[PDB]
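Visitor: Could you have a look at this structure, given as structure tokens, before my questions?
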Amino acid sequence: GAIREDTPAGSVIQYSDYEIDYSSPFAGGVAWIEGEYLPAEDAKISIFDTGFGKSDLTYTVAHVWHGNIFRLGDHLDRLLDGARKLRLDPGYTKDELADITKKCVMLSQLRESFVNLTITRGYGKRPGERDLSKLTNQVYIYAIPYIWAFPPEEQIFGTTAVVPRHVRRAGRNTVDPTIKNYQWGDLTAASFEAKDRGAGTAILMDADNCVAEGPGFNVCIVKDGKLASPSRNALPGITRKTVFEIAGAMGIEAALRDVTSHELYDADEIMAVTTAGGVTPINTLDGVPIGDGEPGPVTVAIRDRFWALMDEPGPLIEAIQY
Amino acid sequence: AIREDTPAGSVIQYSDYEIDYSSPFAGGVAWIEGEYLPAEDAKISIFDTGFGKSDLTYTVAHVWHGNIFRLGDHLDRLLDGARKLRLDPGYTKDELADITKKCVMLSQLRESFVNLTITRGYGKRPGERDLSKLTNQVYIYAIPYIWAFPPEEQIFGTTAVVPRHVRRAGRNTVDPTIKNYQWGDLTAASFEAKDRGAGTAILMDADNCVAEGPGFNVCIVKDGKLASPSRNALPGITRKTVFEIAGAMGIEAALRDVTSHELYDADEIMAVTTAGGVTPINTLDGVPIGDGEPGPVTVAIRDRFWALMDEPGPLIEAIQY
Amino acid sequence: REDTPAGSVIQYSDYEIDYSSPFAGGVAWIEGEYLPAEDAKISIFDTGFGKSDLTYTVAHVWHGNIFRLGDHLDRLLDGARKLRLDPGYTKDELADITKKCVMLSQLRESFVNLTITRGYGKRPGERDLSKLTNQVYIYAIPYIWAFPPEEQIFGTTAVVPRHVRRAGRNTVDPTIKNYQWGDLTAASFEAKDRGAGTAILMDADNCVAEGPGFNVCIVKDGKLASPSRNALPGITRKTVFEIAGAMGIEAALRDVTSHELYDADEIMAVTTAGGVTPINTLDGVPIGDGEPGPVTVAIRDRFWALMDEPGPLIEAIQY
Amino acid sequence: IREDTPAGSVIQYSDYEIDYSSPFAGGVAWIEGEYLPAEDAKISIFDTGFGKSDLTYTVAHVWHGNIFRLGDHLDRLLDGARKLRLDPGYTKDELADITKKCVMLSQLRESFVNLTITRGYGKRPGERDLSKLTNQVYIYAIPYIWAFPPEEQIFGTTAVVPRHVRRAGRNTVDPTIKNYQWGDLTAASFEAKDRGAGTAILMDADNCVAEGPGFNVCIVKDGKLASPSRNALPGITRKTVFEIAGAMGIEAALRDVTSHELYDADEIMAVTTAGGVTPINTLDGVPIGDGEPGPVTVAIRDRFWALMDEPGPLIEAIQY
Ligand SMILES: O=C(CO)[C@@H](O)[C@H](O)[C@H](O)CO
Ligand SMILES: O=C(CO)[C@@H](O)[C@H](O)[C@H](O)CO
Ligand SMILES: O=C(CO)[C@@H](O)[C@H](O)[C@H](O)CO
Ligand SMILES: O=C(CO)[C@@H](O)[C@H](O)[C@H](O)CO
């Protein structure tokens, strides 16, 4: 399996130059399942894990770029906070999960990597146990080659979006988007609608015609040199957190607030932000260019800064010891 | 256990039989990636997007006294939803039926919970995102009978609350009209019902119409007529059976919007699901429905439902063990 | 009167009004008195104003015939019951006063409004509902078109709002006819801004609700459907379903999803104020061939014929 | 006119005599450019402010002869009118002059004051073109209206969350622009009355607190104040409450308040022009804290009433 793919020449996005030693069976991808390190290709879970049958779980995703894992501490904090709200117990400390995660990456030998930690309600002594008190919660962790929500070419030159005609985001009182979850029924439906409409992605609205988020990303808009991102029906994203910190360092006002359907359509810039590929300019909405139809200046400034962070020793990154 | 206690003399009784545990299939079978496995060995790829995106549909049938109930109706529903999700099981209705009946026959269970699941599946590499590159998977299993409500509550009734904090996901979000594993709202509602000391929750939709419950449809009776939600609810096969029973009894039955006012004013409320049948709901938010005991229409339909499992006819098929 | 298309099924009556009557052209009945429409005034302290605490119905008169007045009175009084309003008159008394307004107006084509408000007490600013006297206001004025005659015959255009949805049955309930048009007014402004004839609003689950002053019906594969939930139970819709049945056309009150609206073979607006309006395009996309559909035309032409045919649906005003 | 208030409480009507030889005594409306006695105030049945409730308004109170925050009221009224494409055809200063004259002619020292801007009517009844409708301004000053009785202001009221009704969302009948469209509020009030409660607190579509029938809701938890930011009127009483909270060193946030946070609150209060700050002792029959007015609610309520007598920029004495 490829550990690299093309990125625009000279751009802020470049994979590491290195060779993996495939004499190790862990080379290229690792999972940690029921306390054992496995080749990613061998990684299997009980079909009776209620994380399958009820999607009764939470998770987080972190990236590794140039051998640096990005904000793992913040990822573990959000994961464990969510698990606590779901009455889940990983049975491992934050530092224990940090060491297991870093070991997955190290065994993979991947310098660019998509890293998942999942906590499930789990399974009991026999299949089809339904008393939560009898289910042993499971931790599953994996590190695999880098995943792009949008290809490198779109990270640099922009993607396109539609607002679905047929779908809205599940609200915080249904399948709660503020706890990261695998329940993508609405997100999958929106993505199918964007693909059918020839667009790169979908931006979903909440029940009150406020911007929610997209399938695997938060949305930020810029209007009159100010940045806004949805406060209610949206994951509290760590990329969004990073974007707000960059904006403050640049003297750009950044508010978490309701962004109405009016404000989305009237935006000077629209961007997608996510762990899986960073900051994506959205050049077009429902076939209408935003600004001049190319990546906006705040979006370009913040994106370029984001990728620079992956090479600057400091609290946001930790070097994997390969 | 292949059995649990049921109220003595009640319409609910497990079969009296011995399983041969020399078979590694005894008590539980799964069919995964084209192979029959002991249930305890049944594992799937972590990279199946049926896990990472819950991108799948399923159905559940029951086996009672060695008889599988409305399997053809379950496969029709399963395959119709799969077509709506752009999934392809890569097996015919008849092929899935044979594989399903073989899982039960190998389990040796006369009372069984039978699941068929169709997932978007996995590509050649973990982290394939391109749907055209994902090979859809079928997983089938037959395990001991599962009760959405204990047998004691099937006969004596359960208690319900309407969540203060949760609503059922709408058909335009995580669509409840296609059976799915995305129980975020249903799990939250169950925890609230448990926190309040109730047997279960009845969730409303965005317009304060009844949706359904965690693993069941709701039916009400008012002035001798039955009604069940049409919009934000699974089209249940137990509900289908209940409407047929009602028809045969001369009782009008409508699939329609049931408002919050109508739920609270109901003469009777009942839960209906594959996993345990027809459950009387005695109280709603601590207020007795009728006299706070199983209603007369509910009892008549529940008892008729169980009688169907022993009557030769087109709704049942005997597993040939 | 105003222009209608030459030779079409819509034609005003040929007659002259005697303007020696101060009632000629418009009559209201307010606080037990018939008045010229030009003089019809209500107390500002009617809570029908300050809380929009009221229901109403609208009937039309065409060629001197009032259409389904009994059904209109039934619907008005049923909603007034749900609102705990009491008009303090019987159905037959209201029917007599209604026909008298039309007669005094001399209008052969007329828009007829019956409103029941929560009313006012002895003191402005009375808030105790038990101390408010409910009020009945009735008027008959020249015919009002939700769509012009030209659009009745040749069709209009619609958009689905980007920014607005219909209030649900559990908020400001559309199943009880009301003056609370905040959403409908926002949707109409959005359609105007977007160069469209009108708006079709969605409910919270992306099911068709209705439009600003009309129900929506679709045709798909020769079958008619109209929303069952977040929509007024229209008397034009009731008529359309009776016409469809008599034509051998299957007609269902059910949820119509956003998918089914956009995929429809035909779309129509139905309302008392102008009848059955073909909708040629939705968000700029032609419905069928972008001209009034065959079911829509058959039902619209039948609807206008019902106005002139003696029977239970019509009663001739005695002028 | 006055009614009983609790003896020695922070709420007391003025002691004074109206001269009823003026026909304006006790109540005045300003309709179609004419000052009228309230009893004679009538509007065209064809104003689309009636038939479409196509209007906005605001309500100010007069207490001890002082009108409270009229400029804020006028700013909020006119901002909402611009959003509705309404034009009063009067300046903020002209509307202020007309408002204060209604109060002066009424002789009321305690008054409920309404300013309404409607889409209006055309030359013909039933005119269908908005561009041909002349927008109307209607203003009145009448005796003080209480959302909750003085006894409840001092000793607290009770509330329920409706089983059957929710607040209309900002994308339907928008609660962020003051309106007469009370269909949900009226239904909620009927359900509270059926359940024997003082009032209803409505939720939005996501089970966040919206507001009540004529008031904003504020909660206190762990000594901090919160009030809904989305589906709720931007109240001037709420604005005052937040200024009073800041002055007292009490953290106050406009934010989503979940249904969890409402039921878990240490204090709940109703805030509105028509009676001020009302303690809510009980929710769905369960005591909030000890089932008596909470300490933050009492300190803010008493401060709010003291404001009506302190010379300062929030009040203007009516020159009778
Ligand atoms: O592209 C995606 C979806 O795959 C990213 O948003 C990321 O993967 C998410 O964290 C989990 O899938
Ligand atoms: O997981 C379950 C069992 O709890 C459900 O999928 C199943 O449908 C059952 O019919 C209701 O419990
Ligand atoms: O039938 C009606 C009654 O309201 C509406 O269609 C009418 O057109 C509206 O009152 C004016 O637009
Ligand atoms: O300001 C208010 C809110 O109280 C008034 O709009 C209302 O008419 C009356 O108080 C409600 O009963």
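Each chain in the structure tokens gets a letter, A, B and so on, in the order shown; residues start at 1 in every chain, and ligands are counted from 1 in the order they appear.
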When the cut-off is 7 Å and you count only C-alpha atoms and all ligand atoms, which residues lie near ligand 3, shown as a list in words?
Guide: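 Going residue by residue within 7 Å of ligand 3, we get residues 58, 144, 145, 146, 212, 213, 214, 271, 272 and 273 of chain C; 51 and 128 of chain D.
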Visitor: Pull N, CA, C and O atoms from the residues just selected and write them as a PDB file, in the first residue's frame.
Guide:
ATOM      1  N   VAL C  58     -61.957  31.550   4.601  1.00  0.00           N
ATOM      2  CA  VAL C  58     -62.243  32.362   3.405  1.00  0.00           C
ATOM      3  C   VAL C  58     -63.016  31.469   2.441  1.00  0.00           C
ATOM      4  O   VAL C  58     -62.592  30.374   2.164  1.00  0.00           O
ATOM      5  N   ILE C 144     -60.136  38.188  -4.816  1.00  0.00           N
ATOM      6  CA  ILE C 144     -58.669  38.241  -4.585  1.00  0.00           C
ATOM      7  C   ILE C 144     -58.031  36.997  -5.219  1.00  0.00           C
ATOM      8  O   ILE C 144     -58.514  35.893  -4.967  1.00  0.00           O
ATOM      9  N   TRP C 145     -56.976  37.200  -5.999  1.00  0.00           N
ATOM     10  CA  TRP C 145     -56.208  36.157  -6.709  1.00  0.00           C
ATOM     11  C   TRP C 145     -54.887  35.897  -5.979  1.00  0.00           C
ATOM     12  O   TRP C 145     -54.093  36.807  -5.931  1.00  0.00           O
ATOM     13  N   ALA C 146     -54.644  34.702  -5.447  1.00  0.00           N
ATOM     14  CA  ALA C 146     -53.309  34.330  -4.936  1.00  0.00           C
ATOM     15  C   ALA C 146     -52.342  34.286  -6.131  1.00  0.00           C
ATOM     16  O   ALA C 146     -51.219  34.695  -5.982  1.00  0.00           O
ATOM     17  N   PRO C 212     -47.548  30.037   0.820  1.00  0.00           N
ATOM     18  CA  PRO C 212     -48.185  31.234   1.375  1.00  0.00           C
ATOM     19  C   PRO C 212     -49.596  31.447   0.825  1.00  0.00           C
ATOM     20  O   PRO C 212     -49.753  32.077  -0.157  1.00  0.00           O
ATOM     21  N   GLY C 213     -50.589  30.786   1.414  1.00  0.00           N
ATOM     22  CA  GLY C 213     -52.011  30.936   1.046  1.00  0.00           C
ATOM     23  C   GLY C 213     -52.536  29.817   0.171  1.00  0.00           C
ATOM     24  O   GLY C 213     -53.620  29.988  -0.431  1.00  0.00           O
ATOM     25  N   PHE C 214     -51.871  28.654   0.140  1.00  0.00           N
ATOM     26  CA  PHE C 214     -52.303  27.520  -0.703  1.00  0.00           C
ATOM     27  C   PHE C 214     -51.697  26.203  -0.229  1.00  0.00           C
ATOM     28  O   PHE C 214     -50.610  26.190   0.330  1.00  0.00           O
ATOM     29  N   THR C 271     -56.159  26.705  -3.731  1.00  0.00           N
ATOM     30  CA  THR C 271     -56.644  27.644  -2.692  1.00  0.00           C
ATOM     31  C   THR C 271     -57.976  28.262  -3.124  1.00  0.00           C
ATOM     32  O   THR C 271     -58.233  28.353  -4.361  1.00  0.00           O
ATOM     33  N   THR C 272     -58.737  28.728  -2.154  1.00  0.00           N
ATOM     34  CA  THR C 272     -60.051  29.366  -2.361  1.00  0.00           C
ATOM     35  C   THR C 272     -59.848  30.595  -3.235  1.00  0.00           C
ATOM     36  O   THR C 272     -60.660  30.814  -4.107  1.00  0.00           O
ATOM     37  N   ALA C 273     -58.767  31.349  -3.026  1.00  0.00           N
ATOM     38  CA  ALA C 273     -58.535  32.611  -3.753  1.00  0.00           C
ATOM     39  C   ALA C 273     -57.893  32.292  -5.110  1.00  0.00           C
ATOM     40  O   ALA C 273     -56.696  32.555  -5.306  1.00  0.00           O
TER      41      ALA C 273
ATOM     42  N   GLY D  51     -54.524  40.890   9.169  1.00  0.00           N
ATOM     43  CA  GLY D  51     -54.755  39.701   8.336  1.00  0.00           C
ATOM     44  C   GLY D  51     -53.516  38.860   8.098  1.00  0.00           C
ATOM     45  O   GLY D  51     -53.693  37.675   7.759  1.00  0.00           O
ATOM     46  N   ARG D 128     -53.204  43.451  -2.900  1.00  0.00           N
ATOM     47  CA  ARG D 128     -52.238  42.323  -2.806  1.00  0.00           C
ATOM     48  C   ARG D 128     -50.781  42.762  -3.000  1.00  0.00           C
ATOM     49  O   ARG D 128     -49.897  41.910  -2.832  1.00  0.00           O
TER      50      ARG D 128
END
Visitor: Taking only C-alpha atoms into account, report as a list in words which residues of chain D lie within 12 Å of chain B.
Guide: residues 160, 161, 162, 163, 164, 165, 166, 167, 168, 169, 191, 202, 203, 204, 205, 206, 207, 208, 209, 257, 258, 259, 260, 261, 262, 263 and 284 of chain D
Visitor: Measuring atom to atom with only C-alpha atoms, identify which of B:172, B:298, B:6, B:115 is nearest to chain C.
Guide: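 Checking each of B:172, B:298, B:6, B:115 against chain C, counting only C-alpha atoms, the winner is B:172.
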Visitor: Could you give me, as an NGL selection string, the residues within 10 Å of residue 10 (chain B), counting only C-alpha atoms and dropping anything in the same chain fewer than 2 positions from it?
Guide: :B and (6-8 or 12-13 or 151-152 or 154-155 or 303)
Visitor: Hey, can you spit out that residue selection with C-alpha atoms as a PDB file, in the first residue's frame?
Guide:
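Final output, saved to result.pdb:
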ATOM      1  CA  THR B   6     -41.444 -17.133  31.402  1.00  0.00           C
ATOM      2  CA  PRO B   7     -44.620 -16.634  33.475  1.00  0.00           C
ATOM      3  CA  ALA B   8     -46.167 -20.084  34.285  1.00  0.00           C
ATOM      4  CA  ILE B  12     -44.953 -17.415  26.109  1.00  0.00           C
ATOM      5  CA  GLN B  13     -43.067 -20.751  26.593  1.00  0.00           C
ATOM      6  CA  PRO B 151     -41.069 -12.141  29.517  1.00  0.00           C
ATOM      7  CA  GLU B 152     -42.510 -10.945  32.877  1.00  0.00           C
ATOM      8  CA  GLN B 154     -44.644  -9.057  28.087  1.00  0.00           C
ATOM      9  CA  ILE B 155     -47.423 -10.529  30.346  1.00  0.00           C
ATOM     10  CA  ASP B 303     -51.943 -13.661  22.717  1.00  0.00           C
TER      11      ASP B 303
END
Visitor: Can you pull out every residue with an atom within 9 Å of ligand 2? Use only C-alpha atoms and all ligand atoms and format it as a PyMOL selection string.
Guide: (chain A and resi 50+53-54+128-130) or (chain B and resi 58-62+113+115+146-149+179-181+214-216+273-276)
Visitor: Can you tell me which residues sit at most 10 Å away from ligand 1, counting only C-alpha atoms and all ligand atoms, written as a count of residues only?
Guide: 37
Visitor: List all protein, DNA and RNA residues that have at least one atom no more than 10 Å from any atom of ligand 4, counting only C-alpha atoms and all ligand atoms, and write them as a VMD selection string.
Guide: (chain C and resid 45 47 50 to 51 125 to 129) or (chain D and resid 57 to 61 112 to 114 144 to 148 178 to 180 182 185 to 186 189 212 to 216 271 to 276)
Visitor: Mind dumping the selected residues with C-alpha atoms as an mmCIF file, in the first residue's frame?
Guide:
data_model
loop_
_atom_site.group_PDB
_atom_site.id
_atom_site.type_symbol
_atom_site.label_atom_id
_atom_site.label_comp_id
_atom_site.auth_asym_id
_atom_site.auth_seq_id
_atom_site.Cartn_x
_atom_site.Cartn_y
_atom_site.Cartn_z
ATOM 1 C CA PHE C 45 -57.119 46.133 21.998
ATOM 2 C CA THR C 47 -56.215 40.288 21.285
ATOM 3 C CA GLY C 50 -51.913 41.920 19.868
ATOM 4 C CA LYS C 51 -51.664 38.043 20.206
ATOM 5 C CA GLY C 125 -54.997 45.492 28.491
ATOM 6 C CA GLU C 126 -57.321 42.860 30.064
ATOM 7 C CA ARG C 127 -55.209 39.657 29.947
ATOM 8 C CA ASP C 128 -57.555 37.198 31.757
ATOM 9 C CA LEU C 129 -59.007 35.128 28.809
ATOM 10 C CA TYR D 57 -43.642 46.320 18.002
ATOM 11 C CA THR D 58 -42.002 47.042 21.326
ATOM 12 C CA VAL D 59 -43.331 47.666 24.852
ATOM 13 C CA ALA D 60 -41.777 50.138 27.348
ATOM 14 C CA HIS D 61 -42.998 50.694 30.922
ATOM 15 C CA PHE D 112 -47.788 49.902 29.655
ATOM 16 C CA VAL D 113 -46.609 51.661 26.455
ATOM 17 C CA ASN D 114 -46.839 49.935 23.038
ATOM 18 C CA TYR D 144 -49.565 48.899 33.904
ATOM 19 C CA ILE D 145 -49.858 45.277 32.709
ATOM 20 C CA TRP D 146 -48.330 42.436 34.826
ATOM 21 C CA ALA D 147 -47.043 39.229 33.044
ATOM 22 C CA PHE D 148 -47.110 37.876 36.658
ATOM 23 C CA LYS D 178 -40.873 41.049 18.523
ATOM 24 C CA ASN D 179 -44.187 39.971 16.987
ATOM 25 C CA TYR D 180 -47.937 39.433 17.780
ATOM 26 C CA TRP D 182 -48.357 34.076 19.790
ATOM 27 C CA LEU D 185 -46.974 31.035 23.287
ATOM 28 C CA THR D 186 -50.808 30.969 23.736
ATOM 29 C CA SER D 189 -49.919 29.222 28.368
ATOM 30 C CA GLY D 212 -41.722 31.974 27.619
ATOM 31 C CA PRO D 213 -45.020 33.609 26.688
ATOM 32 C CA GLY D 214 -43.912 37.247 27.049
ATOM 33 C CA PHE D 215 -40.533 36.865 28.834
ATOM 34 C CA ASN D 216 -36.893 35.786 28.590
ATOM 35 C CA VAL D 271 -37.544 38.734 32.844
ATOM 36 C CA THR D 272 -39.862 41.152 30.933
ATOM 37 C CA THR D 273 -40.835 44.848 30.608
ATOM 38 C CA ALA D 274 -44.347 43.978 31.941
ATOM 39 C CA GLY D 275 -43.446 43.416 35.644
ATOM 40 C CA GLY D 276 -39.639 43.006 35.692
#
Visitor: Which residues are near residue 289 (chain C)? Cut-off 10 Å, only C-alpha atoms, ignore same chain within fewer than 5 positions. Put them as a ChimeraX atom specification.
Guide: /C:265-266,280-281
Visitor: Please return, as JSON, numbers by chain, all residues of chain A lying within 9 Å of chain B when only C-alpha atoms are considered.
Guide: {"A": [1, 29, 40, 41, 42, 43, 44, 45, 46, 47, 48, 51, 52, 53, 54, 55, 56, 86, 114, 126, 127, 128, 129, 130, 140, 144, 145, 146, 147, 148, 149, 166, 167, 168, 169, 170, 171, 172, 173, 174, 175, 176, 181, 182, 183, 184, 185, 186, 187, 188, 189, 207]}
